[PDB]
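Before any comments, here is the structure.
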Amino acid sequence: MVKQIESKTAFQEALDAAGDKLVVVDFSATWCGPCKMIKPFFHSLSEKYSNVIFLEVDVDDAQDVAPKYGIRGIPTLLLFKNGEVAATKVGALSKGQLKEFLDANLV
């Protein structure tokens, strides 16, 4: 049921558990307002997908992962597939754009 990654090693570890499942993650911060707007809808989807893994990465704690992905801004939406990023979205988005984007990548 989603797992908060507070380290650069945890991100890799959580991905290993993802296997062939689609991993949609978000880069946020304690001072990120729009980021909190996706929290409610992001978590709900994870229960409505029963296939993909939704995790939470905070750049405040995961300051080592971002630099490795070259992320610059929040709320960033990252899509991982087989340990590799198969989609990169920046800024917040509605529930339909997130789901549509996911359904479009989840296969």
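First residue shown is number 1, and so on along the chain.
The backbone N, Cα and C atoms fix where each Cβ goes, and this holds for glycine too.
As given in Swiss-Prot:
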MOD_RES   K3  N6-acetyllysine
MOD_RES   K8  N6-succinyllysine
SITE      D26  site 'Deprotonates C-terminal active site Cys'
ACT_SITE  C32  active site, nucleophile
DISULFID  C32-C35  disulfide bond
SITE      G33  site 'Contributes to redox potential value'
SITE      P34  site 'Contributes to redox potential value'
ACT_SITE  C35  active site, nucleophile
MOD_RES   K39  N6-acetyllysine
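There are 11 other CB atoms within 10 A of the CB of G33 (site 'Contributes to redox potential value'), with all protein chains counted. Cβ contacts within 10 Å of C35 (disulfide bond), excluding its own Cβ and spanning all protein chains shown: 21. For the recorded site, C32 (active site, nucleophile), the DSSP three-state label reads coil.
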